[PDB]
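In the form deposited in one PDB entry, a lone chain appears below as structure tokens.
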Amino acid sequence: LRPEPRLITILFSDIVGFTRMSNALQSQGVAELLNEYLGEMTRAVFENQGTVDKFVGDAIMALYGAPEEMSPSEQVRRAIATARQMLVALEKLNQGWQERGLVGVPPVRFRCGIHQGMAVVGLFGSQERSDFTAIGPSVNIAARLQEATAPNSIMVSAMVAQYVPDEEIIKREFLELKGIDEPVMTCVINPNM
């Protein structure tokens, strides 16, 4: 698990307007919901051999191809499958949160950025505290894609898109992604399949 550059697919699934919830609903609700969400999102990544890199609040950072090697295509296959499954999971999550009173508060939507690229994946931090993650623009991209894409929209990088049939690529488009000294070709892929 020592940090090494690795072609991995970083999938970031951030909940759209989660702050609009961490203020709207109650703390327990925010946790219950978040945890429920992350439970299903995580489920979505793990179910897709994904690796929950970490949760950055309402954002899930899934790595594909790390720590367990995974073909770039699988990484994307999985990441996209995860992203989509997450949306499906979210479909039910909102169904339940709506029918419960946790949403209905905008029906929890999540932006998903999936990028594949060289990231230094491995354990990072002090020996006093290390977390397996991916470091590098690759990650940034995924994250920026995540935040760049519309709610319940899976925005993947050019790198990722090449694995998804054009039919599933709703719309390609370069986007000025923060931290990216170059317009990244983003392809929001079909949230379904």
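Start at 1 with the first residue shown and count on from there. Heads up, when I say rigid core I mean the largest set of C-alphas that superpose within 1.5 Å between the two forms.
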In the entry, residues of the deposited sequence missing between residue 104 and residue 105 amount to 1 to 3
Stretch with higher mean Cα temperature factor, 123 to 131 vs 48 to 56, is 123 to 131
With B-factors read from the PDB entry, the higher C-alpha mean of 158 to 166 and 136 to 144 is in 136 to 144
Of the three thirds of Cα B-factor ranks in this chain, residue 111 occupies the lowest
On the chain's distribution of Cα B-factors, residue 35 falls within the third called lowest
Sorting the chain's modelled residues by C-alpha B-factor and splitting them into thirds places residue 73 in the middle
Temperature factor at the Cα of residue 193, chain-ranked in thirds, falls in the highest
Tertile call for residue 1 (CA temperature factor, within chain, third-based) is the highest
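Missing here is the form deposited in another entry; even so, the following discussion is about that form.
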Margin query: Taking 2 Å as the cut-off, check whether the CA of residue 52 shifts that much or more between the shown form and the other one after a rigid core fit.
Written below: no
- Message: Rigid core aligned, does the Cα position of residue 158 differ by 2 Å or more between the shown form and the other one?
- Response: no
Check your understanding: Against the rigid core, is the Cα displacement of residue 31 between the shown form and the other one at least 2 Å?
Key -> yes
